[PDB]
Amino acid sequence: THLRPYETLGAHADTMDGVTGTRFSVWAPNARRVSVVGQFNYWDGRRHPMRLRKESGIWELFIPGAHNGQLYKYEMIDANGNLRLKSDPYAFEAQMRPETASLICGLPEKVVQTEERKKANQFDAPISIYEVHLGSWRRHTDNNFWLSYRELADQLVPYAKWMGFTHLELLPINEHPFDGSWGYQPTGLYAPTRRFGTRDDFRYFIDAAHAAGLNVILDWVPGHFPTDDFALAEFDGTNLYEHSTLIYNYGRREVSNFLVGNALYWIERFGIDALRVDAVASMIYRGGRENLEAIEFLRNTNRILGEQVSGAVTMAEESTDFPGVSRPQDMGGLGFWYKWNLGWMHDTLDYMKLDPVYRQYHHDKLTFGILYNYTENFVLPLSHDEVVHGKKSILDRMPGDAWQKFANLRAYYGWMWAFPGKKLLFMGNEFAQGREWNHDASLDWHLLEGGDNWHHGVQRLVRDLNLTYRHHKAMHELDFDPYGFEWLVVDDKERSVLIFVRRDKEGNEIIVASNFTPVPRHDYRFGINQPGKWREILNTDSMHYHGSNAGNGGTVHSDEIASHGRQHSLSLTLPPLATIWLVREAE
């Protein structure tokens, strides 16, 4: 039960032979006197003293007439004689602002993983993630109030579903004190933020997401140690959870049990399908420089969180290029199923910013990603971190006038959805919000008001990308197998045209062609592998999406004309600032 401390620690309802109440448990080994304060005790630690246990440093005391709903805390004297109040680190629901108090309640029943939810996480499944920050996706009209978990369930889920995303990724719902930290500075690792309702309201939200066919990825912050409200620092009087700014002591058994246990809690008690660790670099460093303790924690978490609940997966964002981040432990280390391709994002965004005319000298920004795509199982991401603090919105990075800005954006999205790697896109990007993300406001849905505009067209493209991406195995079955990708034209630098093929296990391929200048290319010939009839299945230049509606009109047959070292080629019209996808038509 070291794996599941939360199943015995904290506050749970019991029965001392006909007598019911809730049993408390806290791990403050040193301490020096610890009592249960709360509504039940009229808040008097001088009435319910807990009985220690040196064998496990765990204190405990059963209290009859101590039912759920009752608020409470802990009263103790530091191992150094200091009187203090502590919020149960294993609080499953907490009262943040109001003086900070834990809430008695059970453990959410228990969610069994379905065969379908597991399969959605697999390396050969189409995985398109909609990243959201629950306190700023949408706000109530006049009030400017937060939607609840129930409302979000009624609105965010169906929306994510309709838009074609396979996963919903929530920035930290950990109970945290400041909106502005986005949830990466917690105070309650086991309690869903109260800003949107109850822990049961939240459970409902995940349930709703699954009933809609969506897997939920929860941002997990085992790398951010509580730095607020003296939440975890110098517990029991001494550096209980952290080392002697502040950082966890992953070496300390119980501390690791707390974290590993918390990752098991979310998945089993709430049904979460995946956990994502951020800033793994800051965990593995700051081995000469390597915090070999944390590096060992992650490996174990993934090993355990791989034996205990197979089906769930883990992903991580690692700034440096730590080797094998998403590779087997019995080799590289860490062992995350997936890793965020920050490098790809930096290269492709650096390229889209370029003046179309200068893109011939940085062609390598789009072709490089391929050389190291087989080193990690990547997730191409366009997240919240890239549209804040002056980085701008993705749309604003695009060059040129209106039409050109959107066309660049759409062409980019077209490239992203076809490039090797799963996909992740933060809320607001789908409808090309112009302003940077503001966690303190709604998402500017106003741009999508009255009259079809460019924003509607971009939103229309994202959905089409998602639905086309899924459906065709070629675009998502072999992301991690070199057989799934091959260049048709990797060197047309002077015209900024790049063509490549995607291939599934069956050997069926889909042609991907991108033109990165506003110059339309007609009769553009290139070698192909499977001659016959080819038809566009996606064209970001479509009048739909507000493009100039240029392209190839329903079915172009290849010719036996050598090109690009190949026998047989196509010769197509490559729309300006746009990418198209073609599929072969059986005869």
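From 1 onward, residues are counted along the sequence shown.
- Of the other compared PDB entries of this protein that include residues on both sides, all give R397 atoms, none of them, and so not a third, leaving it without.
- Per the compared records, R286 is unresolved in at least a third of the other entries whose models span it.
- The stretch of deposited sequence separating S244 from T245 contains 10 or more residues lacking coordinates in this entry.
- Unmodelled deposited residues between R286 and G287: 10 or more, per the record.
- For the pair 315-323 and 195-203, the record assigns the higher mean C-alpha temperature factor to 315-323.
- Taking only CA atoms, the mean B-factor in the PDB entry is higher for 231-239 than for the other of 231-239 and 150-158.
- The top Cα temperature factor in the record, among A562, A550, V556, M50, falls on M50.
- Sorting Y545, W534, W59, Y524 by the CA temperature factor given in the entry leaves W59 at the top.
- In the PDB entry, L3 places in the highest third of its chain by CA B-factor.
- Per-chain ranking of the deposited C-alpha B factor places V132 in the lowest third.
- Remark: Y90 belongs to the highest third of its chain, ranked by C-alpha B-factor as recorded.
- In this PDB entry, the Cα temperature factor of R397 sits in the middle third of its chain's modelled residues.
- When the modelled residues of the chain are ordered by their C-alpha B factor, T141 lands in the highest third.
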